[PDB]
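Peer 1: So I've got this experimental structure, pasted below with the sequence.
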Amino acid sequence: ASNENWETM
Amino acid sequence: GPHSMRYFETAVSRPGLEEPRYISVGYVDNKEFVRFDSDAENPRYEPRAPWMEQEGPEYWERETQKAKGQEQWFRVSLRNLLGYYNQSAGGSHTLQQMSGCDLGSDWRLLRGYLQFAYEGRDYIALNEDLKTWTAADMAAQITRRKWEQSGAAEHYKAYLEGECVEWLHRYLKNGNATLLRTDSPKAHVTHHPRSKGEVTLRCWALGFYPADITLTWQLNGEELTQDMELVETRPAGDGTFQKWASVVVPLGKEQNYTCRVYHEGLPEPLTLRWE
Amino acid sequence: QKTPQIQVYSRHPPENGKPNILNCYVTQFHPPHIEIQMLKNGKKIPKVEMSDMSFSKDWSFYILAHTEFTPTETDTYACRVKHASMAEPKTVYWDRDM
């Protein structure tokens, strides 16, 4: 299962 | 041996005002197992290995939901980088991400991984400690500072050591048969008479899995360092690989020259010569 | 701008008259937008199968283009690639010895 990123770049 | 899970994400901005194309490819031991593509008729995560078909509708639903959020994250980030690098949205730009975990033979965590590229060049990576960031240039520092301030690495550390590890354990179990298999190379030599008696001899290795292989040529027990031409390992398309190594120097005296194939799937290293 | 590396080769060893598969393996390229053509005697082969796009650990892109083909001693086969990093399209001809 994949991951949801946190803060945008 | 060692095990790994990796997700390779790509967002490509589209000049013609349209939204970026987002692709996510999952790998379990360097073999594709899942894939998402925003350009599909119905964009959703799809099984790309037979053993993945056993995951229920709730699994594919949840993964598609995550991919949709990722599509938005890459859209926002794509726009931010355009500002950092003083770029035009009229051109196409590329944002790539690599993340996952490595395990040992005992299935215990070796290390977590999280890396980003922009325009195919390194941008920012999470350090092995999964606490600190390495920015690759002055614009990537803006992101590093922003991510330190938001406690971003803590989120990634939790997944990389938690969920990444737990999910790979399930996949290695469910993919048991499919993952353990190796195909041994089938070798042979070809001779192509070149100019002034100087016949070139080519050692072929075909139908092997995995891709790592070693091919060598020997002149009466002495390995050939120079002269030996070696093609890059290529996929045959059936799920196997091919490679060849060639030696030029042999004239009308070919039996002095011997080829050796080394592969983990081999019950013993192969040795051959001929015409 | 990374320059595409091309390999034109068959799935199985070529035996004239025996149906086979012709592969065009394109690697080491950036950006991901590429144009690949397979040619039978200087002419475009309709029904060229293309692998989905993937990238390597070094961030570069790769794609495998393939076609159903029956080798003969007269019939020639090639792969023409168009990429932003190249001034002109690169053409690699099939050689049964490589």
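Peer 2: Yep, it's here. Numbering: from 1, shown residues only, chains lettered A, B, ... in the order given.

Peer 1: Pick out the residue of chain C closest to chain B.
Peer 2: Closest contact between chain C and chain B, by CB to the nearest CB, is at residue C:30 (3.8 Å). The way it works is simple: take the backbone N, C-alpha and C, and place the C-beta from them, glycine included.

Peer 1: quick one, what contacts that residue?
Peer 2: Counting by CB atoms under 8 Å, 6 or more residues apart in numbering or on different chains, residue C:30 touches B:94, B:119, B:120, C:1, C:2, C:59, C:60, C:61, C:85.

Peer 1: Just the buried residues of these.
Peer 2: B:94, B:119, B:120, C:2, C:59, C:60, C:61 (16 or more other CB atoms under 10 Å in any protein chain shown).

Peer 1: So what sits opposite the last one in the bridge?
Peer 2: Under DSSP bridges, the beta-bridge partners of residue C:61 are residue C:29, residue C:55.

Peer 1: Just the ones of the contacts of residue C:30 in strands?
Peer 2: B:94, C:61 (DSSP state E).

Peer 1: Could you grab the helix/strand/coil label for the residue nearest to the spatial centre of chain C?
Peer 2: Residue closest to the mean C-alpha point of chain C, counted by CA atoms, centre = their mean, is residue C:24 at 2.1 Å. Three-state assignment for residue C:24 (DSSP: H, G, I helix; E, B strand; the rest coil): strand.

Peer 1: Leaving out chain neighbours, which residue sits closest to the closest residue to chain C within the stretch 1-150 of chain B?
Peer 2: Chain C sits closest to residue B:120 of the stretch 1-150 of chain B, with a gap of 3.8 Å, by CB to the nearest CB. What sits nearest to residue B:120 in space, not counting adjacent residues and going by CB to CB, 6 or more residues apart in numbering or on different chains, is residue C:30, at 3.8 Å.

Peer 1: returning to that earlier point: touching, the residue nearest to the centre of chain C and residue C:6? I think so.
Peer 2: Yes - at 6.8 Å, residue C:24 counts as touching residue C:6 under the criterion of CB atoms under 8 Å.

Peer 1: Can you work out which residues contact both of the two?
Peer 2: C:79, C:81, C:92.

Peer 1: filter those by proximity to chain A?
Peer 2: Among these, no residue sits close to chain A (CB under 8 Å from any CB of the partner chain).

Peer 1: Hmm, residue B:141 is touching residue B:135, no?
Peer 2: Yes - judged on CB under 8 Å, residue B:141 makes contact with residue B:135 at a distance of 4.5 Å.

Peer 1: Tell me if the biggest helix by length in chain B is near chain A.
Peer 2: Scanning chain B for the longest helix, with DSSP state H as the assignment, gives helix B:57-84. Yes - counting by CB under 8 Å from any CB, chain A is contacted by helix B:57-84 at B:59, B:62, B:63, B:66, B:67, B:69, B:70, B:73, B:76, B:77, B:80, B:81.

Peer 1: circling back to that earlier point, can you flag which of the shared contacts of residue C:24 and residue C:6 belong to strands?
Peer 2: Taking DSSP E, the ones among the shared contacts of residue C:24 and residue C:6 that sit in strands are C:79, C:81, C:92.

Peer 1: In those, which residue is surrounded by the most others?
Peer 2: Among those, the one with the most neighbours (other CB atoms under 10 Å in any protein chain shown) is residue C:79, at 26 neighbours.

Peer 1: Chain B: helices as residue ranges?
Peer 2: Secondary structure of chain B (DSSP H): helices at B:57-84, B:138-149, B:152-161, B:163-174, B:176-180.

Peer 1: Can you say which of those is nearest to residue C:51?
Peer 2: Residue C:51 sits nearest to helix B:176-180 of all the helices of chain B, at 19.4 Å, using CB to CB.
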